[PDB]
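Notes follow once the structure below has been shown.
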Amino acid sequence: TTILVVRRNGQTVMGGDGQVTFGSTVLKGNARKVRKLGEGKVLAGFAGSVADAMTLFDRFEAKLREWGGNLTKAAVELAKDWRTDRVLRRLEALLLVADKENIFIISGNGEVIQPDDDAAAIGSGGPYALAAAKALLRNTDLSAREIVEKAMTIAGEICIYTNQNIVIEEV
Amino acid sequence: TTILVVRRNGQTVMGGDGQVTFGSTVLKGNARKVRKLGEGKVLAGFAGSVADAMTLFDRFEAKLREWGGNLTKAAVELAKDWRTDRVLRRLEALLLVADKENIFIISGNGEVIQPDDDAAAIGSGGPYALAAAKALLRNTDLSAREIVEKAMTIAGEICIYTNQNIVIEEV
Amino acid sequence: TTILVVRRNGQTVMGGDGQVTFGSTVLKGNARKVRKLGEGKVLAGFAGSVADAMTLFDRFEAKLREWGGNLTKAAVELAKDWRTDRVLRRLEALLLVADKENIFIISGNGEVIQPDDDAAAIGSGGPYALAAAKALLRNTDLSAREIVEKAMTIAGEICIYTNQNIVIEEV
Amino acid sequence: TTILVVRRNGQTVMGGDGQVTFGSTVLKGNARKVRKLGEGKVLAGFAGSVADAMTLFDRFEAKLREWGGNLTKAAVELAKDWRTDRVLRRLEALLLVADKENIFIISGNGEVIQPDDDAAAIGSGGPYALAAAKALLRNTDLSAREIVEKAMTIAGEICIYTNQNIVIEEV
Amino acid sequence: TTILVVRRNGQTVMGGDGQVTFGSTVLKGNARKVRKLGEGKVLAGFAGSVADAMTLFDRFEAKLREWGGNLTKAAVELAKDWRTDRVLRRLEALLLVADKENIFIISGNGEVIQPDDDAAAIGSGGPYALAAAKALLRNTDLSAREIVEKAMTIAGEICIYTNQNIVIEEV
Amino acid sequence: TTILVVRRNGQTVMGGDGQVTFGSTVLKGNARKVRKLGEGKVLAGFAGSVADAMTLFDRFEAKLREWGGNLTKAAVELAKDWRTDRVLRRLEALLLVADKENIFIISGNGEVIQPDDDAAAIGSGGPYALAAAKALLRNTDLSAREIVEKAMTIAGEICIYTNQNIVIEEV
Amino acid sequence: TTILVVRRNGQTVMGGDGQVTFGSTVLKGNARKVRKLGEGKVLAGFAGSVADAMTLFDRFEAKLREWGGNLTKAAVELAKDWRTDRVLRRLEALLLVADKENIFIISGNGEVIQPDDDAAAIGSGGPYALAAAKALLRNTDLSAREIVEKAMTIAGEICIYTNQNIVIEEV
Amino acid sequence: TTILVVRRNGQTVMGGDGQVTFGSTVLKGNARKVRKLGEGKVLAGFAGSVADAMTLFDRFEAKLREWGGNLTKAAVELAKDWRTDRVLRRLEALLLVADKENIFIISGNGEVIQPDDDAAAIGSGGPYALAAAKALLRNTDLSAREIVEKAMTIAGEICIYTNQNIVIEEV
Amino acid sequence: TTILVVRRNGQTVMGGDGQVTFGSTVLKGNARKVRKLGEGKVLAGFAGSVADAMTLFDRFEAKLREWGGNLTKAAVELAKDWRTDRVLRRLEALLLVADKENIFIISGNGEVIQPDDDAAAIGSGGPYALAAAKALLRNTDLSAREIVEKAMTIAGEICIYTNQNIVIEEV
Amino acid sequence: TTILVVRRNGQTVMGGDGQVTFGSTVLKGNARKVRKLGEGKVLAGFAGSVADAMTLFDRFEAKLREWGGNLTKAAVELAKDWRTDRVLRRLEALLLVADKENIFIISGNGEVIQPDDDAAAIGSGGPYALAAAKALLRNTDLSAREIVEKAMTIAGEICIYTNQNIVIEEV
Amino acid sequence: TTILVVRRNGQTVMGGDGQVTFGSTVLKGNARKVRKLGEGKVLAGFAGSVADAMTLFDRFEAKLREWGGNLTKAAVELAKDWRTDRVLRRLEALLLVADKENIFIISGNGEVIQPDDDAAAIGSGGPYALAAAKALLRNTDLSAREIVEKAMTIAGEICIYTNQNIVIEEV
Ligand code: NA
Ligand code: NA
Ligand code: NA
Ligand code: NA
Ligand code: NA
Ligand code: NA
Ligand code: NA
Ligand code: NA
Ligand code: NA
Ligand code: NA
Ligand code: NA
């Protein structure tokens, strides 16, 4: 799995591959690992099972409403719940969320991390797409969308756990 | 074990073998691992114990009624419960359900997977039945029922955990 | 431990050895691992501790009453309870039950297995007794009672966890 | 640790060594691992910590009262509780109890075992004392008390986890 | 795999199945695991690879010639070599050899075992074929060949690693 | 990796994918894992390193010369050398060879296996290609060449260690 | 396995059971684990495979000849060889040897141990037979031979790895 | 560690970071992991200890001389030696070599791999530098040298086992 | 991560690096791991997730209020709550707090440690910063602020989990 | 095992216990683990097998001759031989030697250690005897002989691997 | 253990502690872990056994003479031998050598590391001594000898495996 988000020219674009692997066999190749939350204002990507992510996204949606759409506050509060709530604590997944100004990686270990760069990624192929994205951001004038398509494509080329069927969303 | 579902010409067929294994010994060769749910409109197969399957199918039936027969919604909600409910959380069977338009693999790990092809399978011999089904779907005009019959026979021939006693249900 | 059930010409016989092992030492050699339940119409054997067996058999007795002596129904409902009930879930014995027409292996993992043959067995020595039983069933005209005695003896001869002190019950 | 009980000439005698080991160092050499329960009518020995045994003995005392002093019934009921009660289930120890007519080994796994002989033993050195006791019972006319002293002494000689400071009680 | 030898009425017969398994898949179903050595006077079967078996049988043939056809001596000497020789020490197959009077199980661990019964077996399904053979030998007047045929069929039915394609040799 | 051989109506075809994986990253996607040996009469494929394969194929070539093109003899002698030779013993590739009449899987564990069917395969994706191949062989009139191409494609689609860049050789 | 030696009234008697176990199945029940060496003057027992013991006994025989029949010296020199010789060092077994005046336990770790008592034993059931032997030696006037028969019999009763078919030799 | 090689416009450039890590501490930050062989015509990079690499490079130099400067042949022959030579087989490292027309990754497992692209990399940070290099090669007109500097720099940013002190060589 | 506190001549300074590591990749390099609590009189740093830290610091703030700014009392009560509270028990961050007179390391294992020196540190790089800090405290006249900056730099230079982006707070 | 050496006022005394343990059973209680070497001028004790000790002591004797009784030189050269010699390298005993002026602990790992105090010890119980010895050396006027006896007794009292049967040698 | 080398003003100084630890007990506190080689022109320290160190230093001395005192060449060649030579390959000490211009850490894993700073260290406490040395070198004008003295004291204070008894050598 590879989820990548890139911000450039006031646009934030997030992409995700579509491969679902069980052991060493591909069960599905067109998975949609990127969704939209907060009334189409927040991008949300996930590395993990659908049900786990959905339950977490539900709690995240709630947090967004409760704290007036404050992404930073919502992310921290979700991390807290995910960490202590007996239910969510059993969920295994890694999240990547972002609006037009902030990006956060959130984990079940109480982590809320905003990389100090215009790009971030998670999943087994995350670092590959990220390296590519950082390269394109610093040496081309390509748009956020194009960088994501190209970086994700390169990640799929290298990682056996990530494919080339990329789904892209934007806010 | 091998459970295979094939969709063709608006018809959906599911087949399952009958072998039950404990360690290295075959305990039973005529198990029924396939049933019909949702008033005969849904096919359901399982890799696992009878009690686990029944407990899960009962919750699935409820999900179907609650969400107006929406297989996609019902599968997702069942997966969420399987992950949170302390009772279901102990059940370890692997499920395969389908109707005329969709197919879903559901696991106790919150996984809800719909392969992007007209065939899907679970169990130790699943991939063999699947490879055979794909080959037949793409190179013959055989019906969904004919393909399931022929694919299951091959899986039972290759996998030591799958036999040739097949039960078939159709919708 | 070896528990064996053989049915031949309307007669159903169950035999169990008496060896109780702790680590690598025999603590008792005359244990009774077989009994009659449901007003003398059901044969019940177990591979495990006596307290576990007693609690499970009591629940089985209740199921038999609630479902009007239906062995199949009773066995399935016991397995579902065994799998969901907070108390029973701690019980780890392996059970083998039979009446004049059906035979079921029941486990704490939700298993309810009826072998598709006229003999069934559980315990470390089960497979050996089963092999001997099938050989006699298919190549001699010996009665179920004789077969069980002879098969159990051979199992105790081969398995270090099974002895030759056999208890037999018939229905 | 070694706990041994021997019955001979209407007398039941139980002995236990006094060694308490932590890692490879002896912390105490005069431990009292044998107590009297049921108003001085039942002998009770234990391999394990004092607190664990005490809590179990308390529950055993209760069971004895509840079932009219029936040792067999009391032992089975304790085994059941020890197995399922969330509290006792956390206790780690092995028990050896006996009155003037019955002897039972009881474990946290629901086991209630009465050896088919006039002797029984538990603990790391149990089998050594037992072998000795069986030898003396079958080849001498020594009293139960003397057999216990000699057998325990031999166990202490052989096992590094059992010493020669023997405490003996009788009913 | 299952290799069974039965001695009866001065006649010795050895049978072997034909299944070859890699992981969970059957690679071949008609393997020949039984041969004749020592000028047609010795039966030899193996659980393991062809190259290993052949290398071992060649050394065994030499041992037979050297010790004047003494199966007992030849088996012991082969076992010693298998244990010391750096070349043979790498071979891991399990062997079963027999003539009109003796039977020996030989392993690379210096084991040379002659069971004290007129039947012996090796391989994953050996004990099942053995239990069946013992039952038939003690309850029928069937020949060594008939018993091997019937016992092997049963072993192949129970063991997922043994099939029904049997090769039989006799001396 | 997937190497597949299919024989139909006198034509023998071998196909192999081109993916080279190190850990979880693809290092090359156009590898040649199939070649012709013995003056163009023998098909040879391998799952492993190229240096291992070259050394083994060279020894195989020698065996073919020494035994006058006898594939069976050559395969067996190669396996014996592979198992005993101090040099070859360090080689861990898995081989698959075939001529116009025979097919053999050869391993460093002394295995020499000829499947009893008109198709054989090795490598992580072998079973999938095999299942697809058998399905097409038994339910279509497609040639060996077409079957291999189609089966290899399906194997690369399912297995994350096998890609779709196929090399084919025929005899 | 259980090997026991007892000295009393100028007579040294050594006994051994006959059970040979592979996993949890008895392959042979009349094994002869006690031999005579040094021209019928030295008793030699072994826990381990036949070939290993034989090779060690051969080297022991040699040592006895070399050092003029000095059992003590022969045992020490064998221990040295067993420890350093590349061949013997691969042998896995435990030995128990004795003449009319000395008893020694010898291991592949360079151990040569003479217990300070008139009895010694090795094997899984060794301590059980030893405890019994010590009991009979100190409380009866039974002969060495009878003590061995009774102690071994008791060991077979307790240990699942030792049986009641005892072979006895004397010097 | 990260070693990257890029070919563009008839120029082949190889770079390597300078970090040497022991546990979780940096012992050196200006390591030179890239050398020149074959009379300054071949680039050679290594992930592993200095001595191991040096010994391998020595053998590689020899192979280059022996086969007339044929990089492909030299690499294969080194792989063979590294695989079987008792000395080299003990060496633990991964190599990356290249001239102006070919690039090869060589391992101690007999692997000789030429990626099908104008870039290749090894070491823990290899895939990160590679992803970046592939991005720059396909979307900019930067020289091989600049791509290497930028890609390596990005790898150092991401991987904790790779730093920013890059050594670059060219042929 | 490295968090360091140094006190010299009434001045207490705390510094923390900014590297956030997931596995072996740096996700962020400018994290703020140090803050001021208790109305600007308490320095607080942490090695762990931000959500864990926030929850713990909030509880610490409460303790400070309840115990009238008594750092010792507050630290001890926080540790007791951390150890017993069902919520906090899931929090695994390591804390370091200090005011103008005391310094305490607090963990989820009930630890409350005040080093007996004028410097303290936590995190993977703590010991390195501590060593450097003590060296400067004892052999120079540098202020606490200068020492922290210099020590933190050296820690980031040696530890792969600590970087050079330092945040400093003083009281 | 415990071996202790104490030197006080020109007198050097070495004591060793006599317990020999195999697993968790005492096989002998009167072993001699201490001897005199170098014409009665060197005290030598060991924790290990007797064969290992004898071979090592013989080599030590040779070193003492070759280096003119220089204990330091002899101990170092023995350690170097122990570490490089193909034979000695298989020996795993731990040695303790001393003369009227020096004391050395020698191991197969090349260790040559002379404690900087007037007492030294090896074996599982060494530290206990050492603690007791130092206490008596520093707070009483007891002789070396008395101290060793008293310290060894206390060590045997605390350690389950050390008994109270002490052998003493003096120089 | 802690061995530290510091170069300053053309003077090179190496210091080492004297603690020797076995398990959790200090066996000696005045060990000499630092020596002078190459006619007093080279400093050599070690973390490991005396025999190992001496054997390695002897080979190092030879390397120095052979390569005309070239420390860099000698270190590399020693590392190669340590890796190939069957005798040295068993030595496991860690080495630290230096002269007026260079410093090298040498390991049995073929590692030859020269840190890019005027200080280096090995052993459990190395990093602490190193952090202290770097701090002093960059913030004072203290000599190499003064810094080593002060840094070693600090390392001994922090590490439980390093003490305050330091030996210092200079060149
Ligand atoms: Na991919
Ligand atoms: Na099958
Ligand atoms: Na038995
Ligand atoms: Na004892
Ligand atoms: Na089968
Ligand atoms: Na693929
Ligand atoms: Na027994
Ligand atoms: Na880095
Ligand atoms: Na760092
Ligand atoms: Na003791
Ligand atoms: Na210290």
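Start at 1 and go down the list; that is how both ligands and their atoms are numbered. Each chain gets a letter, A, B and so on, in the order the sequences are listed, and its residues count up from 1. Because only heavy atoms are used, hydrogens play no part in the values below, and waters and symmetry mates are left out as well, while side chains stay in.
Every residue two or more places apart in sequence or in another chain that forms a side chain to side chain contact (heavy atoms under 4.5 Å, CB included) with K:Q114 is listed here: H:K28, K:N102, K:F104. Residues forming a side chain to side chain contact (heavy atoms under 4.5 Å, CB included) with H:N165 (at least two apart in sequence, or on another chain): H:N163.
The two atoms that bring C:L130 and C:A120 nearest to each other are CD1-N, 4.0 Å, heavy atoms only.
Side chain of B:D17 to main chain of B:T162: no donor-acceptor pair is present (N/O by atom type, distance under 3.5 Å, no hydrogens or angles). Between the side chain of B:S124 and the backbone N or O of B:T1, at least one donor-acceptor pair lies under 3.5 Å.
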Check residues 20-27 of chain B and write down every donor-acceptor pair under 3.5 Å in which the side-chain atom is one partner and the other belongs to a residue at least two apart or another chain.
residue	atom	partner	partner atom	Å
B:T21	OG1	B:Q19	NE2	3.1
B:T25	OG1	B:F22	O	3.2

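Shown are the protein N/O/S atoms under 3.0 Å from the Na ion (ligand 9), given by residue and atom: I:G156 O, I:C159 O, I:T162 O.
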